[PDB]
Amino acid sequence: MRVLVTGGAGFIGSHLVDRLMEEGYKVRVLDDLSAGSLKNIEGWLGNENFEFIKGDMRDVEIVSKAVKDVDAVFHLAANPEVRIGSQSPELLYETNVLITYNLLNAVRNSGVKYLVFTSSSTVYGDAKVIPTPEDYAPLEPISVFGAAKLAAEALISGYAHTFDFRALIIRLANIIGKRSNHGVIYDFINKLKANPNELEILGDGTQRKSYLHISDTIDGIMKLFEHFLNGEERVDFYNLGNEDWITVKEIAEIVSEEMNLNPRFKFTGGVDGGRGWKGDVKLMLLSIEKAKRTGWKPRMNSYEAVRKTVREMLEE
């Protein structure tokens, strides 16, 4: 089966690429290398089952070309950074709504049979139902990013129904692990790289979120892809997160523990009642019962995932 993996040079994208290549898929990657890295996939450069394309999905010619002779598309290309939503909503609109729109228009005029899209928990915004099921609503995202992911979901479904392809929407929790160049663990480790004595923590440290290690993330993505191929649903929605959650302050504590530092915590106090930023959901914990009915389940919890991530990262 031939698959396009947009953003396949990214953190999650390159791991999905490793998995797909190892299972014998013929994998093309489409990535402008604005945030991913060629190194993250240099092992596959030169494999006869691997093709790489440096390309911006804003460019429709590129996107029509990349989906040509592809049976499945895994659309992971995006700017995932919620932080930049209050300064750079245009960037989030483009790299979430626009490039997905172009991908779908390309998909319409091709033989692409399956579209797997990595949406986010942020579509629920500050969800009042915990653990949050996939049918929670009304969806009132509080960040430009979550709104852009919701819009991507909507357009994916509409094109799937109108132009007769199948679509699998996977709302991911916080995903952490080796090769990640963004997030709170990364930033804590590098802040302490620059100064071991203090840790500037955005917000009040009480933000509690579900963290999944990238290993469980890819196992679950593949399990859902497997089940979805065997299923009949035109469009299917799954949450993908861990069973529990952990606070920003506890994450700072684990990162300090693993770095053998004991710095002075300095919280910025946040906004909208201690959020790290405008649109930073304070509580997130996804109901993964629907995902677990496929056989998947995380082998690590949020605390284990965070600690393993810190270790893996400090090796590099």
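Numbers follow the displayed sequence, beginning with 1.
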### Residue range whose averaged C-alpha B-factor is higher in the record, 207 to 215 or 191 to 199
191 to 199
### Query
On average, which has the higher Cα B-factor in the deposited entry, 222 to 230 or 150 to 158?
222 to 230
### Query
What's the residue among 54, 28, 39, 58 with the greatest CA temperature factor in the PDB record?
39
### Selection from 49, 64, 262, 34 [criterion: highest C-alpha temperature factor in the record]
262
### Task
Looking at the entry's B-factor column for C-alpha atoms only, identify whether residue 163 ranks in the lowest, middle or highest third of its chain.
lowest
### Cα B factor band for residue 176 (lowest, middle or highest third within the chain)
middle
### CA B-factor ranking of residue 94, expressed as a third of its chain
lowest
## Note on the structure
Assert third(CA B-factor, residue 243) within chain per record equals middle
### Task
Taking the chain's C-alpha temperature factors as the reference, tell me which third residue 170 falls into: lowest, middle or highest.
lowest
